[PDB]
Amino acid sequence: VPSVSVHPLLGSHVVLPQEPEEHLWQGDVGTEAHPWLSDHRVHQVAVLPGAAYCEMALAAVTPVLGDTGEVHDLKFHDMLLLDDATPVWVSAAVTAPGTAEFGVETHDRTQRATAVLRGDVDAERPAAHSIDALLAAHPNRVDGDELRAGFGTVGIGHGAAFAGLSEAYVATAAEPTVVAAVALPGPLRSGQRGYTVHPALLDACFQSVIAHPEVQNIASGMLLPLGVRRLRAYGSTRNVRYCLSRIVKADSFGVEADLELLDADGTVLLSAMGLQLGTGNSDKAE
């Protein structure tokens, strides 16, 4: 019996028999299909992390526009509670050469994410960093287990699959940067085939932003990802070992940050600019 390879989250792919060019995927993000998703919980129920939408959008660029390109204005404002099976439909409609409107939805129909896919931006990779120089400039350690314990006090539960942040390094609240040691947990390394970035790794990077002292001081309570202004992968992210983040804005309502995922040599493998963290609507999880 023949078979077709599929992205682990997007699932089965068709192009619709119409104009303009439009793509449709049907996937399953349930915990039976992806047991590691049981390890991202809000108020003790499994909820799809925002990092998963980021991966979906990233994975859609090549099939739709023919290049890995980048993703603009990704938003995900309606938390998805997971079941053993949780079907998702992903859509991409080409509006002009190099640009497509992207959507994710679940069955009553509920929108889960929107973005624009871009194939025409020839942005170049940011320059590499000296990991030693980054660490020297951020002398104060924040323990990953303690950071996750803090998350737990406000109802966000990261199990083993989402515990990839080992430690973060900061200076003071006046220096806007954080350097974190982060890696995909060992047991997930076999299954990261097919991902542009494994959502459990990307989420651990998002977590590291909260270690920043300015964020700790001012952005009080549940901070969850709500969107990302720009995402671009520059190569495989299999080897990510650090995340360098910059706090762009932080107030009582949330945080805006720019992130670079780095290999252990300091090479930039993925950029996420304008990550938004905020309270969101966790009312359904309650």
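Throughout, we count residues from 1 along the sequence that is shown.
Going from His107 to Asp108, you skip over 1 to 3 residues of the deposited sequence that the entry leaves unmodelled. Averaged over Cα atoms, the B-factor as recorded in the entry is higher for 118-126 than for the other of 118-126 and 166-174. When the mean C-alpha temperature factors of 239-247 and 218-226 are read from the deposited coordinates, 218-226 comes out higher. Set against one another, the Cα B-factors of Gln276, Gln18, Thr267, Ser271 in the record reach their highest point at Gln18. Residue set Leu135, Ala161, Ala211, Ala85: peak C-alpha B-factor at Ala85 (per PDB entry).
When the CA B factors of the chain's modelled residues are split into thirds, the value for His40 lands in the lowest one. Among the modelled residues of its chain, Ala59 has a C-alpha B-factor that falls in the middle third according to the deposited record. Residue-level temperature factors show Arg148 in the middle third of its chain, judged at the C-alpha atom.
Sort the chain's modelled residues by C-alpha temperature factor and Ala92 lands in the middle third, per the entry.
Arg189: CA B factor lies in the highest third for its chain, per the PDB record.
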